[PDB]
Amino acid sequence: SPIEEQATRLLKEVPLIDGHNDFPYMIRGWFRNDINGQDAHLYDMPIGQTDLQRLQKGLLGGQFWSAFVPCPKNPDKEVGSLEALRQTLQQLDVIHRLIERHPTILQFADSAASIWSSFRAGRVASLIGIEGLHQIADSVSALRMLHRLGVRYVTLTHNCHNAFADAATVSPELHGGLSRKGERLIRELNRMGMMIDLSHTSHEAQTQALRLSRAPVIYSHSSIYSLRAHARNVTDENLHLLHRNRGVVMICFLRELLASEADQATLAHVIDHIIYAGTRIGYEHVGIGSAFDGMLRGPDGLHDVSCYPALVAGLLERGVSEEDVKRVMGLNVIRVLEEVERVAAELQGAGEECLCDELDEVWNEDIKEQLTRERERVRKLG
């Protein structure tokens, strides 16, 4: 087939960079993050939509691997979020060990340049995102350390409200979009060079963040409200604000977001959604956000990570130009990451003040007097 040869050539020329894959949580589910002597199973998994053989077979160029942990179910919500932070480090650790152990297939990447050098070496550029601010345990310090561990996007919520923003699937609303803390955090995310992810957040939270952010954002895995009404899909109002933001909506493979009858969802629906967004807000603002392994079963023709050539072929068959297909494959999300880096270097370069955690005083006034008195004794020595 000439269209399938074309698709393969495109997958060789530029990377397909997928916005969301929960393979790391499948590794927690199945192996409990103990992958010692499990290579054969990592290449050919007994469960799930991802493994190292099928990953190569789909000619995928890059992947934001999700370091998701569930919303905390502890009745003490302080201890729940603290437990989530620890679980987040467990997920980042298994992601890093997965990459370190299979260096011929996976190569860690945290930038536009490192995506490209990984792709030129024939490897799947392996980036990291966290799926909810419940994972940082109310600590902006923790967030910056997650960034330093390779986290490059932060989904603001999962399916739970947090101190910063409202999730889409939970009602009643807590903050009615972003909180006051949340608004401050947008600035800090821009300042540190963390990509903002608006998937799972409420329509109002999206609107507010899209107005506030000084860097482009993504939807790592969301589809299009006008084609299928769901709290998790992007309204025309927020697609418009995404255009002005210069961001990317990475179209989702979740059947519940593609069609009213989940079991009728199909490869064609994913293409319908890509083409809807590309037509209306431009093909430079749409990408691919599978959310593979955040689902049991995928749509017909997109059952697992081996099916990406079928999506590329499908888009070309519907008259999307090579150049535009290359954009939705990967170029757009690379641009956003590039612009997120540039905005952070600009703000750090201007010497913008970083957000600091509210800490308890550890010293009483007696200790502070002891310390200042001791300092002056040292000053008076000569």
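Don't overthink the numbering: it's just position in the shown sequence, from 1.
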Per the PDB entry, mean CA B-factor is higher for 73-81 or 291-299, namely for 73-81
Return whichever of 170-178 and 265-273 has the greater mean Cα B factor according to the PDB record.
170-178
From the list 144, 96, 161, 152, select the residue with the highest C-alpha B factor recorded in the entry.
161
Which third, lowest, middle or highest, does the CA B-factor of residue 10 fall in along this chain?
highest
Among the chain's modelled residues, which third holds the C-alpha B-factor of residue 129?
lowest
Could you tell me which third, lowest, middle or highest, the C-alpha B-factor of residue 26 occupies within its chain?
middle
Of the three thirds of its chain by CA temperature factor, lowest, middle or highest, which one includes residue 351?
highest
Looking at the entry's B-factor column for C-alpha atoms only, identify whether residue 201 ranks in the lowest, middle or highest third of its chain.
middle
